[PDB]
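Residue-level structure breakdown
Given next are the chains, with one letter for each unit.
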Amino acid sequence: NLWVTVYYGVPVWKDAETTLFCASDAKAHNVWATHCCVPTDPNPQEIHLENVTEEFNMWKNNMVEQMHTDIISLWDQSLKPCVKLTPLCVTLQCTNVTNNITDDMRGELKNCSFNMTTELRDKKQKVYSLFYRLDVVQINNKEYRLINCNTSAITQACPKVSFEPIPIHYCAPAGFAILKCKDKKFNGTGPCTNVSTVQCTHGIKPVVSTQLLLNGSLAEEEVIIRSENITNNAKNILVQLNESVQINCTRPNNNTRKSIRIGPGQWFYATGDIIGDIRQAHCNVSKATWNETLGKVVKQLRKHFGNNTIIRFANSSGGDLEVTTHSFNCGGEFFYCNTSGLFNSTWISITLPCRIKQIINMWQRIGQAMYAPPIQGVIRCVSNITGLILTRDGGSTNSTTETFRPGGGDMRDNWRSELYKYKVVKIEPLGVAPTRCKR
Amino acid sequence: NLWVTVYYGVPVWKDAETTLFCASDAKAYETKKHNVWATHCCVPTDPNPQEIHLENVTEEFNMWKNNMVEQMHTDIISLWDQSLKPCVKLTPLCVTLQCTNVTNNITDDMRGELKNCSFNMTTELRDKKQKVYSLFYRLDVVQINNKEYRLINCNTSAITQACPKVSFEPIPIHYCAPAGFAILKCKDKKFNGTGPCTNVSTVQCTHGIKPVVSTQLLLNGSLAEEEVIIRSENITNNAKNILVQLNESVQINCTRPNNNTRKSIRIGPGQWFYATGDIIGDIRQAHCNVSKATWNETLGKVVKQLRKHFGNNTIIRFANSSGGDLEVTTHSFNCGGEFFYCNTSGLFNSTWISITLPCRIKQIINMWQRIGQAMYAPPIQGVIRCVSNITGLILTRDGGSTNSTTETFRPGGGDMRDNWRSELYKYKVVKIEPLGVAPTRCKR
Amino acid sequence: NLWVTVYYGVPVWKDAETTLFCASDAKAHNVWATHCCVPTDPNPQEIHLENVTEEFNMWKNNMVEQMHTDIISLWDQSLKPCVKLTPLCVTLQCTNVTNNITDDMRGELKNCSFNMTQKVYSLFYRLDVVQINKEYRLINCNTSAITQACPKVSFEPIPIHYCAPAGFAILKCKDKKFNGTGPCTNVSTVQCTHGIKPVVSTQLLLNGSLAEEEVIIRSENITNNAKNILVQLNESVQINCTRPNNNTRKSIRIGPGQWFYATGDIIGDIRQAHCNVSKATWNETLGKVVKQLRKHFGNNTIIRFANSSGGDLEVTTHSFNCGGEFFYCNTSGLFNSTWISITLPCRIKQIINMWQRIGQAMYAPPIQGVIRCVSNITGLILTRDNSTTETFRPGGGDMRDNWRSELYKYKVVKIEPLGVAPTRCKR
Amino acid sequence: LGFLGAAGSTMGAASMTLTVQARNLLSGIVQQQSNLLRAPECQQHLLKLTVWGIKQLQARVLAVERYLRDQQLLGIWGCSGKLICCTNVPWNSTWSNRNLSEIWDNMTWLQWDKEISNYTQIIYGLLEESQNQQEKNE
Amino acid sequence: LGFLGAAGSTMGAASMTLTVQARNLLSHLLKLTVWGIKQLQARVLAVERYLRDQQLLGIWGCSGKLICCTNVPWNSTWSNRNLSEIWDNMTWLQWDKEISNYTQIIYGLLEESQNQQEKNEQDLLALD
Amino acid sequence: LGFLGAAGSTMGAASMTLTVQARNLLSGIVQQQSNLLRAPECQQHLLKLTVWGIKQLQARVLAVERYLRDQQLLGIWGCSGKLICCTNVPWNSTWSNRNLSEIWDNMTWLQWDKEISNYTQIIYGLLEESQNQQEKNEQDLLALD
Ligand SMILES: *[C@@H]1O[C@H](CO)[C@@H](O[C@@H]2O[C@H](CO)[C@@H](O[C@@H]3O[C@H](CO[C@H]4O[C@H](CO[C@H]5O[C@H](CO)[C@@H](O)[C@H](O)[C@@H]5O)[C@@H](O)[C@H](O[C@@H]5O[C@H](CO)[C@@H](O)[C@H](O)[C@@H]5O)[C@@H]4O)[C@@H](O)[C@H](O[C@H]4O[C@H](CO)[C@@H](O)[C@H](O)[C@@H]4O[C@H]4O[C@H](CO)[C@@H](O)[C@H](O)[C@@H]4O[C@H]4O[C@H](CO)[C@@H](O)[C@H](O)[C@@H]4O)[C@@H]3O)[C@H](O)[C@H]2NC(C)=O)[C@H](O)[C@H]1NC(C)=O
Ligand SMILES: *[C@@H]1O[C@H](CO)[C@@H](O[C@@H]2O[C@H](CO)[C@@H](O[C@@H]3O[C@H](CO[C@H]4O[C@H](CO)[C@@H](O)[C@H](O)[C@@H]4O)[C@@H](O)[C@H](O[C@H]4O[C@H](CO)[C@@H](O)[C@H](O)[C@@H]4O[C@H]4O[C@H](CO)[C@@H](O)[C@H](O)[C@@H]4O)[C@@H]3O)[C@H](O)[C@H]2NC(C)=O)[C@H](O)[C@H]1NC(C)=O
Ligand SMILES: *[C@@H]1O[C@H](CO)[C@@H](O[C@@H]2O[C@H](CO)[C@@H](O)[C@H](O)[C@H]2NC(C)=O)[C@H](O)[C@H]1NC(C)=O
Ligand SMILES: *[C@@H]1O[C@H](CO)[C@@H](O[C@@H]2O[C@H](CO)[C@@H](O)[C@H](O)[C@H]2NC(C)=O)[C@H](O)[C@H]1NC(C)=O
Ligand SMILES: *[C@@H]1O[C@H](CO)[C@@H](O)[C@H](O)[C@H]1NC(C)=O
Ligand SMILES: *[C@@H]1O[C@H](CO)[C@@H](O)[C@H](O)[C@H]1NC(C)=O
Ligand SMILES: *[C@@H]1O[C@H](CO)[C@@H](O)[C@H](O)[C@H]1NC(C)=O
Ligand SMILES: *[C@@H]1O[C@H](CO)[C@@H](O)[C@H](O)[C@H]1NC(C)=O
Ligand SMILES: *[C@@H]1O[C@H](CO)[C@@H](O)[C@H](O)[C@H]1NC(C)=O
Ligand SMILES: *[C@@H]1O[C@H](CO)[C@@H](O)[C@H](O)[C@H]1NC(C)=O
């Protein structure tokens, strides 16, 4: 004669989507967190769930999709109120820069002049600036248009806006919780033990890059190879290193900036002359570290690919620079570095040249582009690689040897690499059970 | 062997920073449908509010840190800007102007005050540019180096024309606490603006305040009760403005005597500009009248109270403003939809131990001391007269030698937050925390 | 000694007005796709309400007004960021396009050359230009905000559903042969409306619901000659429409970052656009309408169908926008008889004063290739003009009347769970 | 019968099933927000920071306030936690002079509500006064 | 323990954390910016789900309690398991899975039972 | 004496009007809805001004949250529906060491709240635990019959 008993506050949960919000360290005009508002606890709480086993799947993680949306929306919010550059989509007259310029930059840096209006609609001014070849398109000889004149609206990024990544902590609203795997050597697709509950995630820096990751977390103890399905060549492989690789990047030229008033108080920023000589942009990767790093990676790949098999690294297929090169942003400047000097080995201080571009159609979309204003002086940045994004070739012929190349580029992968340890669940406090009682 | 007891509805509060809601008398809305202050802040107040006297309750107030003031300031800016967002922009008028002098029936005082400007406008076919003309006040036109001029804001911002259908005429506005909050007010006579207040009362809503905008002299506020009160954040500094609240108002009569008309200029497809048209009759100066004896008496009272912080054997001198732009050097009020900048040197000129103030009119207004936004005030047809109550002075104390034995005061200020402080200084917002515990002698 | 008892969960409601939300199917680049993103219920349900008499008034139904407001807003949002055509207001130098044409199209198209900030030319329809002083200007050149629709946007109607927000319910009238007003006795509660295609037309209502086993004639006031009469047919009439000429499209640079899409030369011969209505079907359809009209005019009253009246083109001819182009068809051949394969010539124009507003217009870029449309005539909009003979004409132009064609059986009510009643029971 | 299935039944018959109507509002709110949250991702619309997004949020808040208004009022009258509560306010013949058999049978709740619509505020005021008196008594 | 620390505990032991688990259900310039909107929406969502559960408890009776008892008997159909097998050597998560597809049945029964009880207290008060 | 008129009274005397404050706070939602009937649909003007509106909306949401938090605590502590309740939690001399008459008279509630501010969370945790134990004991009694 057991009867129904009802409880409230029962410690159970179900997989769920929720609305997430930002929290920060308080201490940190920077686009990623102008109104994050919520401070995190200086000492985040975490509860160990002993005797709990839970299922995680990083490839179906709704948190990744939400981060993607929040990043895009904030990006657009930043540019929405900034000056349009439509008046610059005019015939431009260009010659090469030959003044104490090295061979690597011949034909890359251009000196261009044009007719643009002043503050009054009745008057024009003759102005000039320097441009990089990548953003200048030839008409039919010395005449050029902006690369995206017939393609997209160009919005100038506002000055005094920082793009520097700020760790963002995602927090769940009351009624929801975030579960995390502390289980070591976890590849993100199966059950994990050592599960804990938190209210907020660790801070994640919204770093944007392509072929190689930058400033992420390191794996503990071993290199972890993660993919949805290893067998399917269409899937990308996210490799998380347990040691960083140091990379030193620079824009060696001492630049200047001009500011041209146009229209009713609007301003256009443009590259001025270069002080000193003109040199090519580049990145240094410690050589010994890089070699050792690949050996560590290969050793883990062999678990799925064979002991007597040959693992090769090679450069990527052609396509847009955000596919074929290593893209990153330092101080707000946009670099496109050649990685063929890294992925060139067979298993059984490296200098990489870089290009600079200013008109950029970020997030793989057409119709909008940002114009990145120049930064005066000399740019230097040092980063931690902490992981690679690789893809594999066919392997159907002579399946003793397989080649991996830098690849992917889908921006989602840069988040999956940090969010794979987290899951959102909802708390469901009500439940029933039989017992001995009556009213 | 006492036990914990729990109570709800306990009369306890804590200081708090929250958002108040805006409310009005309601009747004003039905009367003036185009008033921004009635359209928004539409929620009615009770027709019969109460004040609850708190017996034997002492609280400290600090008007200089009052969050209610900061909210009022922000709400005003926000409403103002939204009102202009959908209005016709005047970007197409940032053109080269060709200007000559208006010399027709001009009195001596205005010889060169008004200009007759023309320019080439292209709204039809983007061709056949049409020469058009309008009149401008000297203050809004800058010479480019003989007859070549531009509008003053072409190197700063686009100018948005204010919509003719939007009225900004101040009406009383009340701030009201949301449930869970209460507003305490200080009733003490001769209140300093800071520190303990003996007579404290709880209210739901503040008295109505008209959001009147002015510089160097407060208009249409509350009068002090039975005393002239001089208050400031730091009376011994010179870095602070001094708010003087008068116990009697001084009447001021302002006019723009010239009879104006308008020219409607079509800029684009529903895009219209309202230009100053021809002026009917003779041209004479805009001005404000102040009664001389009343003004003297007013200063004498201020000085008598001012001496409390300076001593009896000292010279108190009033002087005119320091240099700077019009927003701070002249008195500045909007009368009948036109912006006036009046010379107050005729008021603050005396030594203690029918006054006519000439005025100028400007149409391009850069408001709230911001840079990068601008408004164009369309002209108003006919003649404009305003009769207002001066209710408080804004003074600044100058610097000086170690022992000059003389203090000098000037009609300074200009930060709008202070005008709001002069009305909100009596109010404080607290939150109610009705739940709490105490020891007792009972058990379940 | 009766006492007041308070009951919560009482099944009552009141007429109320709120904002309904839009739901769509899985298949929904279309103008409605952003707005209607909520999936519809995979298996919609209704609850029949036994012994409930409700009251409807289709002429005062705030579902209609909402649909109207929402559609206008979306069209404007879509066009808001697109290229403005102000730079093209410059005077055009035009020829008569008589190369390989039929006589019925003579002078209908014009080959216009003009200058830009460069010598360029394009073809225009006669109805979009005005002859001035070979000199032509756009018909609203210097008066309106003529903008170009972005070619990427699809305006193809997709059925949409309006759904009640929680706390609200939609009541549906199922009475057969319902008048559109007054008491209704067959009422069910629904989650959402049926899918409705937001089809825009004048004179003849296209692709709506059919009546069941009768032609139903509804109006706000049947004798008031100032009111329109909506006629809902129980059978569709098929109409085939076409623009047989094979077109092409070119782009030109009108300003920095600004391109205009122009009509290029026509491939093949030029002939007139038209619509085909089966003759026998149409004659039977009119007869059915007359049989029903007589109910309000008399058993032996003579009824005449007249062609049209004066007014703007959009309301004197039949109008529709199939394929993305705008057709203005002469329906006089459909309303020319007295009771007691019909080819309709069609004109095409690109500058549209959609929604009958003044000072605004949309320019429709041309469609390359050939347009062939098939559609269902489901109802008519008629206006009534010695008692022996009554005369009726096609009407339209007030879009509320079209939305009302489908939204006449639904009303929105608010649920109010508290109430009181007396009982023999004290605390 | 369904959510409004009892709408055409008599007041007496409809005194039963009160649980479904009471349950339907919050169930509907949660289900609609859940359906949207996991919907093919269109919330970018909400995040356009436009008026549409604000109206959607305002609707949610007002629905909650209406719900709480009723619960708060039941608390005021001392009926919290019950779907059916008796009070100490006597029925006025002015509000209605019909007898109990006359109204509980052969009449729906919709009809009843129309009949006494004009006394709603009066009754609610009286119910509050009655509860205040009991708080003073205890 | 703390929030969900009882997840690994048996159903019986876990009853000692009902209070803490309940405590976590409801935990000046502001402009329209992305982070601002998301926080406000998140607050609203938490409230909406909270209320749904509180009302459901109100309907069933047991308002204000963490632990209660009703008059609906347990059906062997839902689960023919012993108390020594349910309240021990089993967690609440496991239990929820075991009877997951009977949730609505139970709830309907609870609602009807309270409805009948309310009618019966109304009848007794009507006695005199 | 109206809302908070008891603020200057000592704790004992002040408790006589807990009802007055509770009624003003516990009717807050109901009153706001009434105000929306006084000026029906004027809110449509407010809905077009998004910054003003977001601030006012935030205020409405917070008012609801405050309401629910107070009710939740009274619920979990077993004081639902009451303004005054006793619970089975002994008082610690650490929190306050003055005599009963010393606390209840000659001191206002504002003064008292300051005196024990640092013990509020401790006490609340104890109130919570005691109620949970009581609910289990009720279940035992029902089972015993
Ligand atoms: C501090 O506080 C003070 C307040 O004390 C502030 O000063 C105030 O400022 C406001 C804002 O400008 C101002 O309000 C204006 O008042 C104008 C006139 O008000 C008068 O009308 C009433 C009633 O008239 C009606 O009823 C009588 C019956 O009794 C009829 O006979 C009459 O025909 C009509 O139907 C009079 O009672 C009143 O009498 C006054 O008494 C005062 C005593 O102290 C005295 O001082 C006054 O001089 C006066 O004698 C006035 O005559 C009013 O016109 C303003 O409204 C105009 O602008 C709004 C903008 O939205 C328009 O909507 C409106 O139609 C008005 O516009 C007209 O004019 C323009 C061109 O100028 C035209 O294009 C329009 O179509 C309108 O047409 C008018 O003129 C036509 C031509 O004659 C006529 O045919 C039309 O019928 C129209 O009249 C506005 O409401 C306060 O009056 C003013 N108060 C005082 C006192 O000064 C001060 O600013 C504050 N501090 C600061 C500086 O911030
Ligand atoms: C992986 O992680 C690494 C480590 O954090 C990160 O590298 C760091 O990148 C940031 C951003 O590029 C670097 O920050 C800059 O540092 C210089 C340092 O200046 C030196 O000299 C000054 C002399 O006065 C000293 O005070 C100072 O301590 C240093 O010795 C700063 O000058 C930069 O400030 C400007 O940019 C800021 C952008 O946020 C502005 O907020 C700031 O106001 C400055 O801009 C304005 O003033 C300038 C005046 O010179 C003017 O030129 C500008 O136009 C403007 O008006 C800035 O703080 C940081 O040093 C790097 N750390 C290391 C070790 O190299 C990697 O970028 C990251 N990788 C990825 C992919 O994200
Ligand atoms: C609508 O009215 C009919 C009667 O015309 C109701 O049907 C009766 O219901 C009672 C139970 O309440 C049965 O004992 C009778 O035998 C039924 N009569 C017939 C002829 O079948 C019907 O229940 C009413 N609808 C609603 C929703 O109450
Ligand atoms: C996880 O399971 C272990 C048993 O393997 C539980 O540990 C027991 O706890 C009781 C408490 O009364 C002790 O008497 C036993 O000696 C412990 N067993 C062992 C082997 O140490 C543990 O409590 C469970 N976790 C949770 C959250 O309940
Ligand atoms: C500016 O316009 C003139 C027109 O005569 C042209 O000759 C000149 O080359 C243009 N200059 C530039 C920098 O485009
Ligand atoms: C590693 O990934 C594969 C493929 O997704 C999966 O089958 C395997 O279970 C994962 N390893 C662990 C420990 O979960
Ligand atoms: C405070 O109120 C009392 C009683 O009305 C009055 O006598 C006293 O003068 C007031 N004090 C001040 C500073 O106004
Ligand atoms: C009055 O205000 C002045 C302002 O500087 C301050 O110094 C003084 O201490 C205040 N006096 C009292 C009694 O609060
Ligand atoms: C149908 O509508 C007409 C409109 O004039 C009205 O006169 C008639 O009474 C209505 N019929 C019914 C059954 O409601
Ligand atoms: C309906 O229209 C007729 C005109 O034919 C008019 O006489 C009659 O009064 C109208 N009905 C109403 C609603 O008054």
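Residues numbered from 1 in each chain as written, not as in the entry; some residues may be left out. Chains lettered and ligands numbered in written order. Heavy atoms only, no water.

Structure determination for the deposited model, as stated in its record, used cryo-EM, and the stated resolution is 3 Å.

1. Brief notes about the pairing of strand β1 (residues 3–8) of chain B
Our working definition: When a residue's accessible area, from a 1.4 Å probe over protein chains only, is under 20% of the maximum for its type it is buried; when over 50% it is exposed; and in between it is partly exposed. Numbering of helices and strands starts at the N terminus; helices are DSSP runs of H or I of at least 4 residues and strands are runs of E of at least 2. At least two bridges found by DSSP between two strands are what make those strands a pair.
Burial within β1(B) is extensive, with six of its six residues counted as buried. Neither face of β1(B) is left uncovered, since the one carrying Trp3(B), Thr5(B) and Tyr7(B) and the one carrying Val4(B), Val6(B) and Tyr8(B) both have all their residues buried. Here four bridges tie β1(B) to strand β1 (residues 84–90) of chain F, and the two strands are oriented antiparallel to one another. Opposite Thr5(B), over in β1(F), you have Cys86(F) as the bridge partner. Where β1(B) meets strand β34 (residues 435–440) of chain B, six bridges bridge the pair, whose relative direction is antiparallel. Considered in β34(B), the bridge of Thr5(B) is made with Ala438(B).

2. Some thoughts on the site of ligand 4
Stated formally: Near, as used in this document, describes a residue that has one of its heavy atoms within 4 Å of the molecule or strand being considered. Polar contacts, as counted here, are pairs of nitrogen or oxygen atoms within 3.5 Å of one another; within protein the pair requires one atom able to donate a hydrogen and one able to accept it, and residues that are adjacent in sequence qualify only if both atoms are side-chain atoms. Residue exposure ignores everything except the shown protein chains as possible cover, and the areas themselves are Shrake-Rupley values with a 1.4 Å probe. Under the convention adopted here, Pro, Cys and the residues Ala, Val, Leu, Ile, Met, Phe, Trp and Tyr are nonpolar, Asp, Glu, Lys and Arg are charged, and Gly plus all remaining residues are polar.
The environment of ligand 4 is formed by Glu50(A), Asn51(A), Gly5(E), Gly8(E) and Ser9(E). More than one chain reaches ligand 4: the nearby residues come from chains A and E. Between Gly8(E) and ligand 4, the recorded distance is 3.5 Å, taken from a backbone N or O atom to an oxygen atom. For ligand 4, an oxygen atom lies 2.9 Å from a polar atom in the side chain of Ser9(E). Notes on ligand 4: free accessible area 590 Å², of which the protein chains cover 26%. Here the residues of the shell around ligand 4 are counted per class, giving no nonpolar, four polar and one charged.

3. What about the arrangement of the chains?
Inclusion rule: Contact between two residues is taken to exist if any of their heavy atoms lie within 4.5 Å; hydrogens are not considered.
In this view chain B stays clear of chain D, with the nearest C-alpha atoms of the two still 13 Å from each other. Without any contact between them, chain C and chain F keep their closest C-alpha atoms 11 Å apart.

4. Points about the environment of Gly195(B)
All names here are of chain B. Inspection of the secondary structure assignment puts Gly-195 in strand β15 (residues 194–197). A residue is classified by how much of its surface remains accessible, and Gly-195, at 19% relative accessible area, is buried. In the structure, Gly-195 is positioned 153 residues away from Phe-348 in sequence and 31 Å away in space, judged by C-alpha atoms. The contact partners of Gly-195, leaving out residues within four places of it in the chain, are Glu-59, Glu-60 and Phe-61.

5. Remarks on the nonpolar core
Selection rule: Working definition of a nonpolar core: buried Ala, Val, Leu, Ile, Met, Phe, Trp, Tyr and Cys residues. They are joined through side-chain atoms within 4.5 Å.
In terms of nonpolar packing, the biggest core is built from 181 residues, with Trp13(A), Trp13(B), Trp13(C), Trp109(D), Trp92(E) and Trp109(F) touching the most fellow members. Top contributing element to this core by residue count: helix α2 (residues 51–77) of chain D, with eight residues. Those residues in contact with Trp13(C), other than ones at most four positions away along the chain, are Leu49(C), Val52(C), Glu54(C), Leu171(C), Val413(C), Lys414(C), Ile415(C), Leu4(D), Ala7(D) and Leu110(D). By size, the runner-up hydrophobic cluster in this structure holds 52 residues, among which are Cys36(A), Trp415(A), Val44(E) and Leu45(E).

6. Quick word on the pairing of strand β16 (residues 187–190) of chain C
Residue and element names in this part refer to chain C. The side-chain alternation of β16 yields two buried faces, one formed by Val-187 and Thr-189 and the other by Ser-188 and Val-190. Here strand β5 (residues 46–48) pairs with β16 via three bridges, running antiparallel. Considered in β16, the bridge of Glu-46 is made with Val-190. Bridge count between strand β14 (residues 168–173) and β16: four bridges; the pairing is antiparallel. By the bridge assignment, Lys-172 is partnered in β16 with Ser-188.

7. What to know about the sheet that holds strand β1 (residues 67–73) of chain E
Worth spelling out the cut-off: Note on geometry: axes are lines fitted to C-alpha atoms, helical ones only across the stretch in contact, with angles between N-to-C directions running from 0 to 180 degrees.
Taking strand neighbours across the sheet as the criterion, the three strands line up as β34(A)-β1(A)-β1(E) in an open arrangement whose pairing is antiparallel. Of all the strands in the sheet, the pair left with one neighbour each is β34 (430–435) of chain A together with β1 of chain E. Across the sheet, the mean angle from the axis of one strand to that of its neighbour is 30°, orientation sign disregarded. Where strand β1 (residues 3–8) of chain A lies against β34(A), six bridges are found, and the strand directions are antiparallel. Residue pairing in the sheet places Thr5(A) in a bridge with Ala433(A) of β34(A).

8. Considering the site of ligand 9
Residues and elements named next belong to chain C. Surrounding ligand 9, one finds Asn-179, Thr-181, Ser-219, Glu-220, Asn-221 and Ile-222. In this structure, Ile-222 approaches ligand 9 through a main-chain N or O atom, which is 3.1 Å from an oxygen atom. Isolated, ligand 9 exposes 370 Å² of accessible area, and the fraction of that covered by the protein chains is 45%. A per-class count over the shell around ligand 9 returns one nonpolar, four polar and one charged.

9. Focus on the environment of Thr19(B)
On the secondary structure map, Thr19(B) appears in the loop between β2 (13–15) and β3 (21–24). Each C-alpha atom of the pair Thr19(B) and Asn67(B) lies 9.4 Å from the other, and the pair is 48 residues apart in sequence. Setting aside anything within four residues of it in sequence, one finds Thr19(B) in contact with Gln71(B), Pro178(B), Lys55(F) and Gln56(F).

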